[PDB]
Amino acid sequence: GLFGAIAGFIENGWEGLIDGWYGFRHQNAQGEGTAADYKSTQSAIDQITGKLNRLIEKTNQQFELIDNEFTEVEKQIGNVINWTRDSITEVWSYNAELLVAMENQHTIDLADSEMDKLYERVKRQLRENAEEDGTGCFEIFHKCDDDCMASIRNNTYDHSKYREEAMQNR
């Protein structure tokens, strides 16, 4: 991936996460938790949805026969027709191959990006009360119970409240 998250420092994903695409898994006083982030998940999903609808496509362009399967047309005209058809088949076989490859590359790099968008955003909330482990975790240098964890998940956590305590743990 391009954003270095998925298949990057986050060494792998959680098969236990049947809840959504992205999510937080914490370990604190009460124990361990694992819930999904609807917000970032829906953004990725809405984007992949957008591709599907724009690609699933009806061309209101009607094409009729120029060949004949029951009574073969003149050989010369029959060959120009076949020659043309094959040439266009080449173009569409090419376009289709590229289109899908192009989109897939983008689909992946889009998801990788959506993760990195979440990580870099949490880091902005905590400011000074925590430090990066490396493999996608925030080591908190202050006591954070389950209701402290939920304050981050619904984007309400205040860094000022635990600033002095956490900064003290230098």
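A residue's number is simply how far along the shown sequence it sits, counting from 1.
Practice item. Between 138-146 and 98-106, name whichever shows the higher mean Cα B factor according to the PDB entry. Key: Comparing averages over the C-alpha atoms only gives 138-146.
**Study point:** Stretch exceeding the other in mean C-alpha B-factor - 156-164, 10-18
**Key:** 156-164 has the higher mean C-alpha B-factor.
Check your understanding: From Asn53, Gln61, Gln27, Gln47, which pick has the Cα B-factor that tops the rest in the entry?
Key -> By C-alpha B-factor in the record, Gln27 ranks first.
Check your understanding: Would the CA B-factor of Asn129 place it in the lowest, middle or highest third of its chain?
Key -> Answer is middle: the recorded C-alpha B-factor places it there.
Check your understanding: Thinking about Cα B factors across the chain, which third does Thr34 belong to?
Key -> It falls in the top third of the chain.
Practice item. Can you work out whether the C-alpha temperature factor of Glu69 puts it in the lowest, middle or highest third of the chain? Key: According to the entry, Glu69 has a C-alpha B-factor in the chain's lowest third.
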